[PDB]
Amino acid sequence: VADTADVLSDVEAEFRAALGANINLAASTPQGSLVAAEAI
Amino acid sequence: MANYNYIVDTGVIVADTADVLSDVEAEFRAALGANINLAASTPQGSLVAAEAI
Amino acid sequence: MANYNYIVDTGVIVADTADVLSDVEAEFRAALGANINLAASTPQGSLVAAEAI
Amino acid sequence: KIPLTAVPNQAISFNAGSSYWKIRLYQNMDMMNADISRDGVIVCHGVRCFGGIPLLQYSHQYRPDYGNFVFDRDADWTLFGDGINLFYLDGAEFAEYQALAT
Amino acid sequence: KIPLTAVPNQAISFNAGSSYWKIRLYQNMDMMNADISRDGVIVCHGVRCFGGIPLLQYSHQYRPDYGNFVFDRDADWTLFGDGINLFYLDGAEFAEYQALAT
Amino acid sequence: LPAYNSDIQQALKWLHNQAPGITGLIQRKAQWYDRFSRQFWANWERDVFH
Amino acid sequence: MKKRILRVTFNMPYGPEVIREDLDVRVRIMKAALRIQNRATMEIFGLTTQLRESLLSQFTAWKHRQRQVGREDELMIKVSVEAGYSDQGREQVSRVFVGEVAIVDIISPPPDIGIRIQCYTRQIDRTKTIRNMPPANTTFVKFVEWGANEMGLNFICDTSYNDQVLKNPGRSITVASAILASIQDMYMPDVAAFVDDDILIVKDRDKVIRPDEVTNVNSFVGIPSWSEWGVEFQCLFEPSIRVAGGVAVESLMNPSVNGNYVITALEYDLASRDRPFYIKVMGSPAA
Amino acid sequence: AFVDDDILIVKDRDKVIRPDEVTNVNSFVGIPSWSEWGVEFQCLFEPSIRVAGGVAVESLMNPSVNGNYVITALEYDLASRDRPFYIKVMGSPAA
Amino acid sequence: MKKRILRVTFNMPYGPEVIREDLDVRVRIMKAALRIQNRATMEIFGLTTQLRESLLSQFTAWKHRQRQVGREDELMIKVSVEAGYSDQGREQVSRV
Amino acid sequence: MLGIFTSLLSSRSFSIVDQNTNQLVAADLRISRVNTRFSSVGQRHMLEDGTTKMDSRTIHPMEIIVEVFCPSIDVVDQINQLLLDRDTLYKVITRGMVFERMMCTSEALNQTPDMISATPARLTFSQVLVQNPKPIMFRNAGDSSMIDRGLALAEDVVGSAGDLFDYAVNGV
Amino acid sequence: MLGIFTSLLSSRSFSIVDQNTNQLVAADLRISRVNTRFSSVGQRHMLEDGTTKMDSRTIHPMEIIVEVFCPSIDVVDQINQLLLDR
Amino acid sequence: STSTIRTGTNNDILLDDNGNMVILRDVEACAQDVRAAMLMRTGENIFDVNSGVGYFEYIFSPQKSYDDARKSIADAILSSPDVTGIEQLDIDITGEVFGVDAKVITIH
Amino acid sequence: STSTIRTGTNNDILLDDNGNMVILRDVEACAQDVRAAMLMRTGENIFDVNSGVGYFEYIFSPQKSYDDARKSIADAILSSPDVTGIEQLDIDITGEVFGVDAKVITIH
Amino acid sequence: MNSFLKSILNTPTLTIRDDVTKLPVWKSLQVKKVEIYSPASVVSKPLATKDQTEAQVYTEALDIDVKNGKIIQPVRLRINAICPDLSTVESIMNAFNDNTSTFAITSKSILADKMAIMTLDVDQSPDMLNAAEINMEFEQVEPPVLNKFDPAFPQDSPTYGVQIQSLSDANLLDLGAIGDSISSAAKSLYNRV
């Protein structure tokens, strides 16, 4: 309870959006990229 | 970037909810586009409110 | 608290009833509540008048 | 004393004890909170407002010779200006009261 | 940065970095162009504008101790105030900039 | 004295009464925040008790 | 619909006498960062025979009680002015002037008898003398401190000239009022020394006394414009505006004048039954 | 010290030059009021008023300012076809 | 019916800017045989945002570029006033 | 009013047209009267012999007064919007007379027992007076003159030196 | 004017009553009209964006205009005395 | 905003079963205070003459207009710390009794 | 000059075959914005009181006049970034339905 | 002429609503006329432009500058009515004597909010032996707003705390103590709870 892990954080939202709306994109160019990146 | 380091040695800073709001609209209008609409009707506005809360 | 030392080396100081009445009203407001009704008709107002007299 | 009013979040500016003070009070969930700065430089932040317990906790903060602030009861922004007061005490009576606190 | 506006031909004056500058931006066929002045004495004429490369090329121009100007992306007078900016760097910052460039 | 809510679900609106996607996003974000920002604090509080 | 509040207080020997806002009262106040003291001209209408007798007879300007036990109030009375708004019984009053009466007049004849009054800040010093020997060889800050103690005012000094040795700084000062002229004379024009309310302020020209109390202004009755020294505009009664304080300006008609400015001079035009209730501000660029 | 008409007058501040020619004044156009130096009022053209002479004042609006005053300054606004035909007086207490 | 001509010329760094008679301009000039320099007070109405920004910002009264390569125009700008009449398109303007 | 002789039957009387998008606003207005007023003042000097000379004449903006009837609600709030508008210039076409650069300056609705169904209204327009009434335009954006912006501030407030450039040239 | 419901027949219309000795004066005035007027002025400040703000309102003394007929000579004297009273 | 101790049908302090004088909060306090104000009579307030309802000069005595009584009652209903304005008044005067009906408006 | 993310007849995020979130340009963005604005309902938006349409107080509740519905709807159609003015509002009211028709005027 | 068959969307009834209470008032009146005036001020000076640039650039100009030059003045409203009873008359007079009274007036289809009485007349004559004629007039205190700012439901607020004005004073009431110092009294008041 002293150190925080942040290497798996991006995957969390990159799959939260995938199982949330649909299985599509999660790429870097499209609009969802910026939303996923900022939520991380 | 736009993050605020409110934890200082003297204490902990609490900013007005208006200011954290305007920060969230700044983030979303810089991310999507300067000609975006941020009102509670659109899903963008719901995201803004959720982030502020 | 609203009491005065009106007896001094010089003599005796006699106040005006506006001042003592204001002091008594302050005393009863501190006793009961800072938003009380102190008029002729209400009972506590009669108590104020009796005390001031 | 400190002239106060019933607002959920407010600030006060005054000159007390041959120095300039700036106090802001804001509700934070259950209890009130304050941030104190003297002559433009902050002293302590996020101090809970409790009756009796002084806002300035630390000797290098409250005084070599400055004063301090004390609440008579637990703070509640609805009661400000009506039966609840904030008092500033200079060095002498504050030292006396601190000795009395034991 | 520098205040700009969306007009095909303009000129802005300012006092930055302990120096007096007057800059002119105007569209010439395809790309932009720039005129830079100091002291009221012309420095360069028709500096072609590109994103990421500094406006002043020659050693005797940019500094003994002065600064320099860089456009983040290629200029387009329709986009000024939205996505395209012009920044000014004083001598030390420009020196470390050129150190980082290569 | 006055109440405070501070709830992520407040962003949800009855305009999205039966919208699956937006409500899924909001509720999953709220669950993540619940997991990492108040349950953790309760656990650490139970830790600090000697 | 908020109502305006305007009180004028007099410290008469028996006690305070407050002229409320319910009467016809007009006041003009001018303050600046100079050695010349502030001024206030007051119009008061409807005073009865009782209050005329009580007040107008005490601005004598002659001297009584030649034995002169004490000083200050045994020469001339003091006036304090506070103005603000009031909404739903919730007040926002603020103080704007302190001074002493100097000149009396009669302006309007019957049926409505009105008087005009001139007040000046720290005019009590024009009679009080100096009884503490000024420092002989010292630095600037100690001279300022001695002057502040002699006048009897809390002082703040913040200048780049704080470590400069002066020789015989105040050896030719006859009364307590020339101290300020001495302080301002040495290092004009960068160093500005003035007395505001009850505080003596010495500072550099372009330094904000309180860096963290910058008042953001975005609603101007008087359109902002360039005025040869910075900016100059006008607004309603804003209690936050002070002298030597800073302002952050955002405009709509004139968006090219946005920035931070330090306040140089002020003017107040406050009336209880007339249109003017204003504040005029002139500023200089912040350093 | 001042020169009036064809006479040079030097005197102390609060001395009436002619003690036996005090002009009693009881009809005022300008309501008398305290003037921070003494009194100040206004009247119609009274030939008797001079400089350094005395005035005895009795009022109706302001009975508290009755007394003897020595004249310091004067004003004249005389017209042959306009409203103003006046005299303005400022006084000091008579020692 | 002759018309009146009133032109006020300003010397900006880039060039001259002339306010013609078509706008609302009022001017008072005082001249005498003395050491005290002449004076002119000018009233100008209807200036738009562009012209306000162009002109009012150059009346600075502070000093810029302390090095001061040269003098005169690098401190304050110069204004020239000429007034006259126009009849049948024939002018009789004169500087004042 | 003579002049044009068109032979078109259903022509159109008074109509306000937007001068930006060539659009009609409040087209369903029942007009009753139109009054147009011109005004000028000639400055005169009083000479020595006994005569009196005139040197020039000054022209002020003209004014137009229109009296209308509103047969619905949409006309009423359309009129309200017409008055509140702050940016658009309007062109007015009366019987044969066409005017430009006008803005609404007044509006006076009326509610009386004389008329319940409709609402008698009286508007007022004033002209924006500008020198050089006919502009000169270039079709090429680069082919244009030089506006002058003077003596602003660098306004600072910028993140860093190395990081911004490393974002600008490396691309990210 | 509604409100009071007397049931008294011979009531009293407009009357001027002294406020010191509560005594009627010029009671024999044939009142023919009565007019009542109020007035106030609100000070407006003209803002920058284009709006206009009003900050307070000032009330002036009200005025009453009465027309009468004097059926005799004593009424005229009483009216003149009413005017001259100070 | 106002507060007042409960009084019974008689103008006397009424104590509950447990024996605590109850400080009435708003609404009820306004009604009780107005009822008390209407019964006070003129020239009875110590240190404030010219306050109350002037019965013995304006109502009971034989009159001409009966308007002064209405003005006095309207004044007495007002001047309470929380009342805003009076909506209705009656002054019935039927037979021998003198009916007065009102419906006051409060800030809350 | 506005923009928005496209949504379906139920207020979701609508995804193309490519799955791309799409930033709609003007006009159709205005139509979607105004449709979502007219469906807000008042008392639902946080941080902004008095924003929405008073369905439960002006339309669904028994009402005497039905001009308040027109005012509220016209206001909610306003406050959009690009709406200039409102051309028509009819309010048919036939049977149990509450027919609403409106045509908006836009800068583009 | 049946009346009381008022058409929807334009019901000609005058409703006046107190701004803080939000309840209708003076519904005893019988109004006969309503007037609405909405003035504005337009610049009357020749004005200048550059006028040699691209067309759309100059179209960007001649806006803004025209906008600077059109500023709206307050709305004026006038009505004419007959008052049947007394209580309405004194209610109106009491609202007149107050400095802090505002009302929202509704005509057939026009809404004016935040108004204030400026002028009032009353007339009595043999033409009406049991009523009085009235002439009231209102003006708009402040203009309306659409959106923006932060009206949050809870304690959250824009937290104005502008209190740079003061002169500190020590009180004397507290609770008790005649010969006891401030510290003793404060400590006792604390220990009371």
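I want to verify a result. In a Gaussian network model of chain L, Cα cutoff 10 Å, which of these has the top mean-square fluctuation: L:57, L:28, L:87?
L:87
Return the FRET efficiency for the residue pair residue M:9, residue G:218: r is the Cβ-Cβ distance, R0 is 41 Å, and the value is rounded to the nearest 0.05.
Values: r = 42 Å, r/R0 = 1.03.
That gives a FRET efficiency of 0.45.
Averaged over peptide D:20-30, how many Cβ atoms belonging to another chain are found within 10 Å of each residue's Cβ? Walk me through the intermediate numbers first.
On the way: counts 6, 2, 6, 2, 3, 2, 6, 8, 3, 4, 2.
Mean partner-chain Cβ count within 10 Å for D:20-30: 4.
Quick check on the range N:88-169: what are the equivalent-ellipsoid semi-axes from the Cα gyration tensor, as sqrt(5λ), descending, whole Å? Walk me through the numbers before you get to the answer.
Details: eigenvalues 316, 84, 21 Å².
Listed largest to smallest, the semi-axes of the range N:88-169 are 40, 21, 10 Å.
From the Cα gyration tensor of the range G:198-287, with a ≥ b ≥ c the square roots of its eigenvalues, which class applies: rounded if a/c is under 1.5, or else prolate if a/b is larger than b/c, or else oblate? Let's see the in-between values first.
Details: a/c = 1.88, a/b = 1.16, b/c = 1.62.
In terms of gyration-tensor shape, oblate.
Using only Cα atoms, find the angle between the long axis of helix L:28-37 and the longest principal axis of chain L, and express it within 0 to 90 degrees, rounded to the nearest 10.
Here the helix axis deviates by roughly 40 degrees.
How would J:99, J:125, J:5 line up from fewest to most surrounding beta-carbon atoms within 10 angstrom? Walk me through the numbers on the way to the answer.
On the way: J:99 15, J:125 22, J:5 6.
Going from least to most buried by this count: J:5, J:99, J:125.
Could you work out the longest stretch of chain F that avoids the chymotrypsin sites (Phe, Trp or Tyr not before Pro) located in DSSP loops with at most 16 other Cβ atoms within 10 Å?
Details: sites that count: F:4, F:49.
For chymotrypsin sites (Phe, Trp or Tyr not before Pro) (loop position, at most 16 other Cβ atoms within 10 Å), the longest site-free span of chain F is F:5-48.
Name the residues whose placed amide hydrogens come within less than 5 Å of the amide hydrogen of residue N:131, ignoring near sequence neighbours (fewer than 5 apart) on the same chain.
none
7 Å along Cα→Cβ for the label point: how many nanometres lie between residue E:40 and each equivalent label in the other copies, listed shortest first?
When each copy's label point is compared with this one, the spacings are 3.7 nm.
Looking at the protein assembly as shown, send over the antiparallel percent of its DSSP beta bridges, to the nearest 5.
On the way: 283 of 300 bridges.
Looking only at bridges with both residues in the protein assembly as shown, the antiparallel portion is about 95 percent.
Would any residue of the range A:19-40 have its amide N under 15 Å from a label point 7 Å out along Cα→Cβ of residue A:12? List them or say none.
Output list for this probe position: A:36-40.
Output the 0 to 90 degree angle, nearest 10, between the alpha-carbon long axis of helix J:74-84 and the longest principal axis computed from the alpha carbons of chain J.
60 degrees
What is the spin-label model distance, in nm, from residue G:164 to residue C:9 if the labels are put 7 Å beyond Cα along the C-beta direction?
The answer from the label model is 5.2 nm.
Please sort E:40-46, E:84-90 by packing, taking for each peptide the average over its residues of neighbouring beta carbons within 10 angstrom, highest first.
Those peptides, ordered most packed to least, come out E:84-90, E:40-46.
Could you work out, residue by residue across D:1-9, how many beta carbons of other chains sit within 10 Å of that residue's beta carbon, and then give the average as an integer?
Working: counts 6, 4, 6, 1, 5, 1, 6, 7, 9.
The mean count of partner-chain Cβ atoms within 10 Å per residue comes to 5.
Once the label point is placed 7 Å from Cα along Cβ, list for residue E:78 the distances to the corresponding points in the other copies, in nm, shortest first.
5.9
Return an integer: the convex hull volume of the alpha-carbon atoms of the range M:20-68, in Å³ per residue.
Values: hull volume 5.7 nm³, N = 49.
Spread over its residues, the Cα hull of the range M:20-68 gives 117 Å³ apiece.
Name the shape class, rounded, prolate or oblate, that the alpha-carbon gyration tensor gives for chain N, where a ≥ b ≥ c are the square roots of its eigenvalues, rounded holds for a/c under 1.5, and otherwise prolate holds if a/b is larger than b/c and oblate otherwise. Numbers along the way, then the final one.
Numbers: a/c = 2.64, a/b = 1.24, b/c = 2.13.
In terms of gyration-tensor shape, oblate.
Which one, G:46, G:84, G:99, has the greatest fluctuation when you compute a Gaussian network model over chain G with C-alpha springs under 10 angstrom?
With Cα springs under 10 Å in chain G, the top fluctuation among G:46, G:84, G:99 is at G:46.
Mind listing which trypsin sites (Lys or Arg not before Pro) in the range L:1-88 are in a DSSP loop and have 16 or fewer other Cβ atoms within 10 Å?
Numbers: sites: L:6, L:25, L:35, L:41, L:64, L:70, L:71; in loops: L:6, L:25, L:41, L:64.
For trypsin sites (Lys or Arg not before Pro) across the range L:1-88 that sit outside H, G, I, E and B with at most 16 neighbouring Cβ atoms in 10 Å, the list reads L:6, L:25, L:41, L:64.
Residues with amide H under 5 Å of residue G:260's amide H, sequence separation 5 or more or different chain, H placed in the peptide plane at 1.01 Å from N; which?
Amide H neighbours of residue G:260: G:286.
Label-point separation (nm) for residue F:35 and residue H:85, each offset 7 Å from Cα along Cα-to-Cβ?
Spacing of the two 7 Å Cα→Cβ label points: 10.5 nm.
Can you give the relative contact order of the range G:212-287 as a percent, counting alpha carbon pairs under 8 Å and 6+ residues apart? It would help to have the intermediate numbers written out before the result.
Working: 158 pairs, mean separation 24.2, N = 76.
About 32 percent, as a whole number.
With labels modelled as points extended 7 Å from the Cα through the Cβ direction, what inter-label distance (nm, one decimal) is found for residue H:1 paired with residue H:26?
The modelled label-to-label distance comes out at 4.1 nm.
With +1 on each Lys and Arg Cβ and -1 on each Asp and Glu Cβ, how big is the dipole of chain I about its Cα centre, in debye rounded to the nearest 20?
Rounded to the nearest 20 debye, it is 400 debye.
For the range K:2-11, just list the computed ³J(HN,Hα) in residue order, Karplus coefficients 6.51, -1.76 and 1.60, θ = phi - 60°, integers in Hz, with x standing in for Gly and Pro.
6, x, 5, 10, 6, 6, 10, 6, 6, 8
Calculate the length of the line joining the C-alpha centroid of the range J:92-139 to that of the range L:1-36, in whole Å.
66 Å
If amide H atoms are built 1.01 Å from N in the plane of the peptide, which residues on other chains or at least 5 residues away come under 5 Å of the amide H of residue D:51?
Under 5 Å from the amide H of residue D:51: D:74, D:75.
Helix L:67-77 sits at what angle to the longest principal axis of chain L, using alpha carbons and giving 0 to 90 degrees rounded to 10?
10 degrees
Can you tell me, using C-alpha contacts under 8 Å and at least 6 residues apart, the relative contact order of chain N as a whole percent?
Values: 225 pairs, mean separation 39.9, N = 193.
Value for chain N: 21 percent.
Of the options G:283, G:224, G:186, report the single residue whose Cα projects farthest towards the positive end of the charge dipole of the range G:179-287 (beta-carbon charges: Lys, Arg +1; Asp, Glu -1).
Highest projection toward the positive end goes to G:224.
Dipole magnitude of chain L about its Cα centre, charges +1 at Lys/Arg Cβ and -1 at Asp/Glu Cβ only, in debye to the nearest 20? Intermediate values should be presented prior to the final figure.
Details: 8 positive and 18 negative charges, 27 e Å.
So the magnitude is around 120 debye.
What's the center-to-center distance, using Cα atoms, between the range L:72-91 and the range G:35-90 in Å?
About 41 Å separates the Cα centre of the range L:72-91 from the one of the range G:35-90.
On each of the three principal axes of the Cα atoms of the range G:1-134, give max minus min coordinate, whole Å, ordered largest first.
That works out to 57, 36, 26 Å along the principal axes.
Considering only DSSP states other than H, G, I, E and B, which chymotrypsin sites (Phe, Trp or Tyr not before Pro) in chain B qualify as loop sites with at most 12 other Cβ atoms within 10 Å?
On the way: sites: B:4, B:6, B:28; in loops: B:4, B:6.
For chymotrypsin sites (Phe, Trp or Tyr not before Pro) across chain B that sit outside H, G, I, E and B with at most 12 neighbouring Cβ atoms in 10 Å, the list reads B:4, B:6.
Putting +1 on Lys and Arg Cβ atoms and -1 on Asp and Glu Cβ atoms, find which of J:38, L:91, N:115 reaches farthest to the positive end of the dipole of the protein assembly as shown.
J:38
Mean 1/r over all different Cα pairs, inverted: what Kirkwood radius does the protein assembly as shown give, in Å?
Values: mean 1/r = 0.0249 Å⁻¹.
After inverting the pairwise mean of 1/r, the radius is 40.2 Å.
Report, for residue E:1, each distance to the same residue's label point in the other copies, shortest first and in nm; define the point 7 Å along Cα→Cβ.
5.0
If you plug each phi of the range L:91-103 into the Karplus form 6.51 cos²θ - 1.76 cosθ + 1.60 with θ = phi - 60°, what whole-Hz ³J(HN,Hα) values come out, in order, with x for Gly and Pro?
Result, rounded to whole Hz: 6, 5, 6, 10, x, 10, 8, 10, x, 10, 10, 8, 9.
Among bridges DSSP assigns within chain H, what percent are antiparallel (round to 5)?
On the way: 24 of 27 bridges.
In chain H, approximately 90 percent of DSSP beta bridges are antiparallel ones.
So which chymotrypsin sites (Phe, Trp or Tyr not before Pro) in the range H:1-53 are both in a DSSP loop and have at most 11 other Cβ atoms within 10 Å of their Cβ? Display every interim value, and only then the final one.
Values: sites: H:2, H:28, H:34, H:37, H:41, H:45; in loops: H:28, H:37, H:45.
Counting only loop positions with at most 11 other Cβ atoms within 10 Å, the chymotrypsin sites (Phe, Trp or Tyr not before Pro) in the range H:1-53 are H:45.
Could you let me know the centre-to-centre spacing of chain F and chain A, using Cα atoms, in angstrom?
If you average the Cα positions of each part, the centres end up 19 Å apart.
Using R₀ = 56 Å, calculate the FRET efficiency as 1/(1 + (r/R₀)^6) where r is the Cβ-Cβ separation of residue M:44 and residue G:61; round to 0.05. Before the final figure, lay out the partial values.
On the way: r = 70 Å, r/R0 = 1.24.
Computed FRET efficiency for residue M:44 and residue G:61 comes out at 0.20.
Among rounded, prolate and oblate, which fits chain L when a ≥ b ≥ c are the square roots of the eigenvalues of its C-alpha gyration tensor, a/c under 1.5 means rounded, and a/b larger than b/c means prolate?
Values: a/c = 1.97, a/b = 1.74, b/c = 1.13.
Prolate.
Binned at 5 Å from 0, what are the whole-percent values of the Cα-Cα distance distribution for chain K, short to long?
In whole percents, the pair-distance histogram is 3, 9, 13, 15, 15, 11, 9, 7, 6, 5, 4, 3, 1, 0.
Give the longest segment of chain J that steers clear of GluC sites (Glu not before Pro) in DSSP loops with at most 16 neighbouring Cβ atoms within 10 Å, not counting the sites themselves. Mind showing how you got there, number by number?
Working: sites that count: J:48, J:155.
With a cap of 16 other Cβ atoms within 10 Å, the longest stretch comes to J:49-154.
Along the range N:27-32, what does the Karplus equation 6.51 cos²θ - 1.76 cosθ + 1.60 (θ = phi - 60°) give for ³J(HN,Hα), rounded to whole Hz, x for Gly and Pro?
7, 8, 7, 10, 7, 10
What is the magnitude of the charge dipole of the range N:40-193 about its Cα centre, with +1 placed on the Cβ of each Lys and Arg, -1 on the Cβ of each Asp and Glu, and no other charges, expressed in debye to the nearest 20?
Numbers: 11 positive and 21 negative charges, 86 e Å.
The dipole magnitude comes to about 420 debye.
For residue G:103 and residue K:41, what is the calculated FRET efficiency with R₀ set at 25 Å and r taken between the beta-carbons, to the nearest 0.05?
Calculated value: 0.20.
Please give the average number of partner chain Cβ atoms lying within 10 Å of the Cβ of each residue in N:166-177, rounded to a whole number. List each step's numbers first, then the result.
Working: counts 10, 8, 9, 3, 6, 3, 3, 8, 5, 3, 1, 1.
Shielding by partners across N:166-177 averages 5.
Cβ: placed from backbone, ideal geometry, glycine included. Neighbour counts: every protein chain shown. Computed from the coordinates by the stated procedures, all read-outs in this text should not be read as laboratory data.
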